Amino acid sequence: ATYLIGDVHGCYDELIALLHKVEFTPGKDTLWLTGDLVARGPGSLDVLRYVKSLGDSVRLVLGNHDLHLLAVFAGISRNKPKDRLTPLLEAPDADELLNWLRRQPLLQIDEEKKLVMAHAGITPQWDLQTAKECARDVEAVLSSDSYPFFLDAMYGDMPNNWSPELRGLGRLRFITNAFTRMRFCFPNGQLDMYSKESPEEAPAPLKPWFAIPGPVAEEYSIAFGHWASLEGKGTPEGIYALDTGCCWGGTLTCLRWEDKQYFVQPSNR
C-alpha cells in the first residue's frame, strides 16, 4: 500500500502510532512524507533516525524546517530555542543524519499514480519539466560539499515571479521559496511571502496557489504539507493538503493512496 503523511515536526510518538494503525510494513508498503520532519515537537532526533532507516520504503521531500535545521547545523543560522533541535544537533550521529537529510529530494513524482509531492505544492507558474529542472538544481547544490554557501544564499523573499530568464542567487531563492514556503499567490501566479493564514481570512486579491490553474495540477494529483492554517480543508479535487498541524495540537494525517482512505492520529500535546 502507499501511505502519505503530512508534516511530522518531531512528533515521533504520533508518527509511530499512526503507522501502527495502518500496519505499515516496509517491503510491502511505501510511505511518502511531505517534509518538515523536525522542529517544535520533542522527537526530531528519533524521527530522523527512523525515516533514514526506512531507505527505499520512504519517499521524502524537504520542507522549510528541514532546510533551517541544515542551516543551523552548518553554522549559517541561529538555533531558536522553540524549535527544540538541540538533542539532534548534539547527537553522536548528527553528521550521518544530516548528511543524509541534505541529499533528499525537493520533489517526488510517481507516473503510474499520476502523483506529485512537494513540501508546499507546485507553483502554477511551473510546468512539470520546469519543476523537475528546478528541483534538480537545488538538490545538486544541497548535496554538494559547498551546501553551506547555498543555505546562506537561500534566505530571501525575492524575486517572487518565475521566469526562465532568472539566473544566479535570485533563481535559487525563488526555487526554494516555491517548493518550501509557498502559500498564497497573486492572480498572475506571483508568490506572496508574508500571509500564512487560512484562505478565508486572507486579504484580497490573494488566492491559494492551488486555486490558480496550472499545468502540473491539470495532469497530476499534488500532495503537500506545510500550510498548517489550511487544516487540510478546502482544496479542489486532486489536491491533498496533508498538514493538519500535529505539532500545533492538531492531528497527524495519513492518506492511503489506493482507496483514498484517511487515518488520523490525535496530537499527544
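Note that residue numbering begins at 1 and tracks the sequence as displayed.
Item to complete: Between 109 to 117 and 161 to 169, point out the one with the higher average CA B-factor as the PDB entry records it.
Response: Of 161 to 169 and 109 to 117, the stretch with the higher C-alpha B-factor average is 161 to 169.
Pick between 56 to 64 and 22 to 30: the one whose mean CA B-factor in the entry is higher. Higher of the two, by average CA B-factor, is 22 to 30.
Take the CA temperature factors straight from the PDB entry and tell me which of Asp36, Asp243, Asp46, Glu201 peaks.
The record points to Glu201.
- Task: Using the entry's values, work out which of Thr176, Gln104, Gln190, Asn99 has the largest Cα B factor.
- Result: Within the set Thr176, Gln104, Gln190, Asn99, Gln190 shows the top C-alpha B-factor.
Would you mind ranking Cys134 by its C-alpha B-factor against the rest of the chain and naming the third, lowest, middle or highest? CA B-factor rank for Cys134: lowest third.
Practice problem: Quick one: classify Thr180 as lowest, middle or highest third of the chain based on its Cα B-factor. | Solution: Lowest third - that is where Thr180 ends up once the chain's C-alpha B-factors are sorted.
- Tell me, lowest, middle or highest third: where does the Cα B factor of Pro205 rank within its chain? As the PDB entry reports it, the C-alpha B-factor of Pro205 lands in the highest third of its chain.
Q | Third of the chain's Cα B-factor distribution that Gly41 belongs to, per the entry | A | According to the entry, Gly41 has a C-alpha B-factor in the chain's middle third.
Consider only the C-alpha atoms of the modelled residues in this chain, order them by B-factor as the entry records it, and name the third containing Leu252: lowest, middle or highest.
Lowest third - that is where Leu252 ends up once the chain's C-alpha B-factors are sorted.
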